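**Student:** here is the sequence, then the experimental structure:
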Amino acid sequence: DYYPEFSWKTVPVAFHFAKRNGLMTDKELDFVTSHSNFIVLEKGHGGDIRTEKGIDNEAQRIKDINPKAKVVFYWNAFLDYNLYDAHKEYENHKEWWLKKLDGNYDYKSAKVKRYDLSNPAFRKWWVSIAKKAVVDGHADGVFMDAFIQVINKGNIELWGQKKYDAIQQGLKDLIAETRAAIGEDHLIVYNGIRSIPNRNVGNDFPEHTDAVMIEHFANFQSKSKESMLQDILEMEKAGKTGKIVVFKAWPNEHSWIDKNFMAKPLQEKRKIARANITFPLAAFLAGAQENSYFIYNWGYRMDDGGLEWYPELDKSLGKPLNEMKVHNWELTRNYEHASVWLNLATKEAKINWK
């Protein structure tokens, strides 16, 4: 089967995390495989064996428990992280490194270079890494991250228009070349839906991709009611084209960068998360389509609330009965066993479980 087995029986959920200190325990695998068929493993998963072996070994372990699970290999399309065996290879190929207008190498940060996507020799190497993980490995697909950072028009000042345009085209080529490499049986997830006032990014790379991520629902620069509505409409729109949608939600704008939140004891972080799931969950359910997935936590480490559970995610949901309705800032949706209502302007919400 191509897509992960989807069901409306309960709220469809996915996982997106990395266990940075090692591979998952039998118990952690039981929890994850018992709750979802769709797992994206992040950079750094598996500990000091580095990401390729970490994700490959975890893919085996996941599908040993649940042969229907789809395990996706994270591979940033723009940033060179020292978390992969591949990093050592990239360091050995200065000839590819992205240079800025001023002749200096383009760094996002001191330890994270940015790729020159307009260099086909680099792209061939980049694809080979994803190809090895997916075709000659246990991953079922690749998660291509950082599209939003590639298209950022601030890059024009650093690269010039000509190089910027070539890099935007190089991104599309990277996707096409990735699809040609992994074939038609494997998945490509990409991170691109981002609703920011006057700078919205939608499902703008649909041709060769299967899943689109909504990373910042009701958080970061996407907190306005305009951006929240756009995010929900983009999930509905993308799901209607047949895409998988990953709806990444957050507990009342708290995250791993919110140190006031991260400083609280776990029992308190868990009381906050439990108390604030209704609004993002109702938003998800308002526009959710087939193959839409809900992720609710405060980070991308496994321990960032990734393995927390909530009673709302055990309740019977059933198939949608109508399309999402929009009455100004109020959104509603009906399911066989649930009626959804929320107000984007007041951030209040109500799920009536039947």
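**Tutor:** Good, I have the coordinates. Numbers count the residues shown, from 1 in each chain.
**Student:** which residues of this structure fall in helices?
**Tutor:** With helices called from DSSP state H, the chain shows them at 26-35, 50-65, 85-91, 120-134, 147-151, 154-159, 161-182, 225-240, 259-262, 266-275, 278-287.
**Student:** with mean neighbour count and distance to residue 188 added, can I get those helices in CSV?
**Tutor:** Just so you know, the C-beta spots here come from the backbone N, C-alpha and C atoms, and that holds for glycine as well. Below are the helices of the chain laid out as CSV (neighbours: other C-beta atoms under 10 Å; distance: least, C-beta to C-beta, whole Å):
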stretch, mean neighbour count, distance to residue 188
helix 26-35, 15, 22
helix 50-65, 20, 15
helix 85-91, 15, 18
helix 120-134, 20, 9
helix 147-151, 19, 12
helix 154-159, 15, 23
helix 161-182, 18, 6
helix 225-240, 21, 14
helix 259-262, 12, 32
helix 266-275, 14, 30
helix 278-287, 25, 22
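**Student:** what is the neighbour count of the spatially closest residue to residue 179 that is not a sequence neighbour?
**Tutor:** Excluding the flanking residues, the one nearest residue 179 by C-beta to C-beta, 6 or more residues apart in numbering is residue 208, at 3.9 Å. Counted with other C-beta atoms under 10 Å, residues neighbouring residue 208 total 15.
**Student:** on that earlier part again, and the helices of the chain: which comes nearest residue 197?
**Tutor:** Checking the helices of the chain against residue 197 by C-beta to C-beta gives helix 225-240 as the closest, at 6.1 Å.
**Student:** ok, back up a step: possible to save the helices of the chain as a markdown table with distance to residue 301?
**Tutor:** Formatted as a markdown table, those follow (distance: least, C-beta to C-beta, whole Å):
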| stretch | distance to residue 301 |
| --- | --- |
| helix 26-35 | 12 |
| helix 50-65 | 13 |
| helix 85-91 | 20 |
| helix 120-134 | 21 |
| helix 147-151 | 21 |
| helix 154-159 | 28 |
| helix 161-182 | 26 |
| helix 225-240 | 23 |
| helix 259-262 | 11 |
| helix 266-275 | 13 |
| helix 278-287 | 19 |
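**Student:** out of those, which is closest to residue 202?
**Tutor:** Checking these against residue 202 by C-beta to C-beta gives helix 225-240 as the closest, at 5.2 Å.
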